[PDB]
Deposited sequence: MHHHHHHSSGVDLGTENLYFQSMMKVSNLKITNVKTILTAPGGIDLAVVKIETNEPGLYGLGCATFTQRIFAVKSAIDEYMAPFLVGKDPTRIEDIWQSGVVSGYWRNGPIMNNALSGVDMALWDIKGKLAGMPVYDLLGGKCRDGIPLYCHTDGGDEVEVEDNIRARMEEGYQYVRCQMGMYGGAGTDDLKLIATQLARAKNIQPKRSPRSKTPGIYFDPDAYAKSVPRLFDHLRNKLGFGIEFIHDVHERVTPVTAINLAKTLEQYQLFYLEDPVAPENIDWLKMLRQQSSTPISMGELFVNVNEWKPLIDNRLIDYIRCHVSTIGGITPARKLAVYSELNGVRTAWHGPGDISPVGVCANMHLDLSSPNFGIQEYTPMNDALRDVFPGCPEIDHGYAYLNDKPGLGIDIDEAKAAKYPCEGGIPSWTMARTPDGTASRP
């Protein structure tokens, strides 16, 4: 006779980044589930979608029917397949998985097939102001035990702009593209080939530029080259895959089956990068991991700062239960996040270790969460402009 009684959205920013967490309560005393709905740049719109529409959709329903709730909820507004819509669904979906694990007395990874590895290998970012900082940051991370690192340019000369400039964060894609191989030549000379390197193109250059970059980086044996094209340009990956053998990852921006499915169907990528909440939670991410598995494509779920610890846990339960796990991107959490969210995964020398508590093994202290209210506002970095002032995909 188990029923959903309450659905609320908790907005909190313990790490200085707006988060959304869905709590589903039931008619069984002390039984609730948590899920992540973090699309940080539209957090208030996500809250609106959950509070106004998902809440009346769910109250009175049997929470054990995860798939039925997903399939019906996904179409409940007719229109669908978007980042705000998918996050609203994810909050619910992950919470239901959390409830199912609690009822079963097992971690979500055990519901999904049990452990497929002994730890979850991580990669971290090495963001620096210039090349020497980046290199030292890599060395510091390798000392901490990281065996996979993202390497970017520091935060040839850029082109001169026109005589007036429309405000934005200016970037020179051609200067960038011509400079990346030099960076990796230097890093491989200094650090060797044992360490795994990731580089994120992050949709910043024209497609043929990305393809040429992929070819020029083959000799440096990257673990992957990430987002060489925008999702609007996935139709360029066929050409890239006729020419380059640099491993490719795509997908943190994906919100639609018609973005990832042609890529995985045609083996045009080697790693899938979706932000789990932004494709709708554990239910659809699990199916995607499986679809990827049968095509020899591996998982690399998005692991930035703009994911709640509930979402971090969701990534990692998928990770532990997938034979085709590739890598887990990881952004270190501060003490406030660990305090607000007891049960954060244990980070030890480049590997993550999940506790073996039931469901997602994570909780939220609502009183503590309330101490860190959301900021809102609009990010500056998404107003990217090329030297002539053209608004570009960031």
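Several segments of the deposited sequence have no coordinates for C-alpha: 1 to 27, 183 to 203, numbered from the first residue.
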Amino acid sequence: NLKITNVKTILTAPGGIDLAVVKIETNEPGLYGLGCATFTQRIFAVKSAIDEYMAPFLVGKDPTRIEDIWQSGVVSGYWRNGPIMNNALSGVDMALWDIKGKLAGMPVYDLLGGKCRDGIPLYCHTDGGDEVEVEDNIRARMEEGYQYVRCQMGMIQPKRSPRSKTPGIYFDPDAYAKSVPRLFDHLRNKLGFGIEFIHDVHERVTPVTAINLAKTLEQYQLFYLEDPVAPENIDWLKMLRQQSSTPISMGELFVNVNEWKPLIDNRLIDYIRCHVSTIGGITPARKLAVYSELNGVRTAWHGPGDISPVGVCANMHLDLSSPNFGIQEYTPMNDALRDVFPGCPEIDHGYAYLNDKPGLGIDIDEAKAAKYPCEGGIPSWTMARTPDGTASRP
From here on, numbers count along this sequence of modelled residues.
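Looking at 208 to 216 and 182 to 190 together, the entry lists the larger mean B-factor for 182 to 190, computed on C-alpha atoms.
Just going by the entry, 341 to 349 versus 326 to 334 on mean CA temperature factor gives the higher value to 341 to 349. Looking only at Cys36, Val46, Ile66, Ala367, the residue with the top Cα B factor in the deposited structure is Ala367. By the numbers in the PDB entry, the CA B factor is greatest at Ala104 among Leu225, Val310, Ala104, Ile279. Ranked by Cα temperature factor within the chain, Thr9 sits in the lowest third according to the deposited record. Annotation for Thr386: C-alpha temperature factor in the lowest third relative to the rest of the modelled chain, per the entry. Per the deposited record, the Cα B-factor of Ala20 falls in the middle third when ranked against the other modelled residues of its chain. When all modelled residues of the chain are sorted by CA temperature factor, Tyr123 is found within the middle third. Per the PDB record, residue ranking by Cα B-factor puts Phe254 in the lowest third of the chain.
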